[PDB]
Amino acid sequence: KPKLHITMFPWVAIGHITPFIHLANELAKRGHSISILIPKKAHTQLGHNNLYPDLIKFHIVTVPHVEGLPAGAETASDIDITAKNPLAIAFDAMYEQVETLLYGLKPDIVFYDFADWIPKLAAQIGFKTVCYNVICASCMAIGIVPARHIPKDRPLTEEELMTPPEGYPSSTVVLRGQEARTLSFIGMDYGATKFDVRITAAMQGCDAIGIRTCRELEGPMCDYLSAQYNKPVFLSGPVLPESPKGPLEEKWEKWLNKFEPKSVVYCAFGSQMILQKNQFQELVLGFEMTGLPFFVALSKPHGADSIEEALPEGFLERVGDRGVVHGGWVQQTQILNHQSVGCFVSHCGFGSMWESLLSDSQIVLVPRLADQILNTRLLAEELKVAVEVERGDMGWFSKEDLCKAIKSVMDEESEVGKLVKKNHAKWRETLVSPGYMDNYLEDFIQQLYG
């Protein structure tokens, strides 16, 4: 079998481009040739991530200026929400530049997600298409699917959004109440068209749908998506990047070593979230209330000079050496692997969820976004490997709610903790079994050949 030539054209955001590159590295490792079309600024930021320079080539695509687009705006990270429709309109405008590159590259398969016009080019240039999604399967299945009717004229109510589309496999992986607002984007404008129109065209135009998940986690959701669009669904596995080697920072190791094994509660909310000052103070107070050792790695609240400035009065003093609150970036994998760490409080982002699943720590979830809430419902309610902190109307969580969730997984007495620990242990063993990740990548490649 001759090796494949795959072209990737992701939506212009670091959160989309990076998983596409990680998949490209796994494909190149197998000998396949990848051409990746991205703006230069993303190229400058992520270019070091290419581990196979002869197999993986970057092609710079220019983001055309359009009315309302800030100067030199190329990715979602450059603009805030007011520029979102200009950025999408500019993204659609690289169609002609993409067409010329595709006419030259002549790929066998093109990967895309938000560029719904790629299948039209698939007809003109002659290539197969996969609509490959970095978002979780349950979010796709509960949202933009033909079984859900989204009116063009009027927005969906909170009720319509909370109601899962007919045939949706799970009664557990659902949004509840005010959480439904987190799904409201599926109906919003996105450039010249509404988001759901763009995703519907993307899903229906492709030859197959690609999802970065595994069947053991999200199998019924993938089957629902396959039937809803009458498309095959190819599961790539999570395609997790290689763990960063190198030792843990010596001061962290020394501070962790003062504590007993599995006794330290670690907390981090990803590299995208910045908490408001009032939620931040409520969180650090919730960790103090537990009386257990804690390591909190969170960005300082926006507009705070320092972490110590943002802290509530008297916090530093009451806590002493029992807890650390650190504004800097930390080596999350190494800290979690440290014997002293016993609990992980996270927002259930994609990276943190898989790191939680693969680790030996207890799992405490404080989701914010719609996908995080759904992954939390999968982990806490269906799989029962985690506990979810109770939250308020805006996603607000009280210090007592956070404290109770931590004690419920940390106390040896707690029956809830023993159950999630046991269920967690089963799943960890499945996901770490040797060759489990590689089987998905190999099976992904074979489906591409079909």
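Numbers follow the displayed sequence, beginning with 1.
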| item | value |
| --- | --- |
| Average Cα temperature factor in the PDB entry - higher stretch of 257-265, 303-311 | 303-311 |
| 372-380 versus 246-254 - greater average Cα B-factor per the deposited record | 246-254 |
| Selection from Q331, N133, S170, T193 [criterion: highest C-alpha temperature factor in the record] | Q331 |
| Among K29, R391, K422, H59 - the residue whose C-alpha B-factor is largest in the record | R391 |
| Ranked C-alpha temperature factor of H65 among modelled chain residues, by third | highest |
| Record-listed C-alpha B factor of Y95: chain third | highest |
| Third of chain Cα B-factors occupied by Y103 | highest |
| Modelled-residue ranking by C-alpha temperature factor, third containing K84 | middle |
| Where the record places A13 (Cα B-factor, split into thirds across the chain) | lowest |
